[PDB]
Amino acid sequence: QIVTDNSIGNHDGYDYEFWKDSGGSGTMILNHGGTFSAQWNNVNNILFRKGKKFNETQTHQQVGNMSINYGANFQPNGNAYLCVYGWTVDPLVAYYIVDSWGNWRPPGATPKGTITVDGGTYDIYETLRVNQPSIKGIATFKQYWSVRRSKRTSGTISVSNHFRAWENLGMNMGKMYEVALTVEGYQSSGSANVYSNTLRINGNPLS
């Protein structure tokens, strides 16, 4: 179940992915269902996640209602995000629903709006990545952000509610590539134990 370099597969029903650029190290341990632990040290950029990868044919509306139940013991030692992350293609977009963070609340841009959902209020942002790594190679793509105003590390994230808020604000989404409970570390060290993580699509826990 121990993963310490770039790897994409399926484990216990969930699509897991370990990704880092060069520098420092990380360890991901694949636990039951959507659960996993992560540890990272002196990295530049590292991401650990479990959720679902899609075959790039369906809008989020066609996939259906997405909802994630999670619980994490999150102990970043610097910059890091506890979130729901994923991709669409055509257009190519990386997205983030951030529930907790380390020392710096991302993503440093000007808010475009808010959505009040799952007991909290989130600021909505849109940023741009120029010739950076992506699921399609070195590319230029927008990132979409919902970042909670106060930290939390457990509860329900109503993914489709953020996707509708973004498209309401003019932040359009393509065909789904992935949705996943994600721990991301940036220029830092730390650990996180995701002890609970269930993805529901139209009410049914993933299969």
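The first residue of the sequence shown is number 1, and the count goes up from there.
Mean CA temperature factor is higher for 51-59 when stretches 154-162 and 51-59 are set side by side in the entry.
Mean C-alpha B-factor is higher over 195-203 than over the other stretch, the pair under comparison being 195-203 and 182-190. The top Cα temperature factor in the record, among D123, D118, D90, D99, falls on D90.
Ranking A94, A109, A80, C83 by the C-alpha B-factor listed in the PDB entry places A109 at the top. Sort the modelled residues of the chain by CA B factor and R148 lands in the lowest third. Residue-level temperature factors show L30 in the middle third of its chain, judged at the C-alpha atom.
In the deposited entry, the Cα temperature factor of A139 sits in the top third of values across the chain's modelled residues. Sort the modelled residues of the chain by CA B factor and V43 lands in the middle third. Ranked against the other modelled residues of its chain, the C-alpha B-factor of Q132 as given in the entry falls in the highest third.
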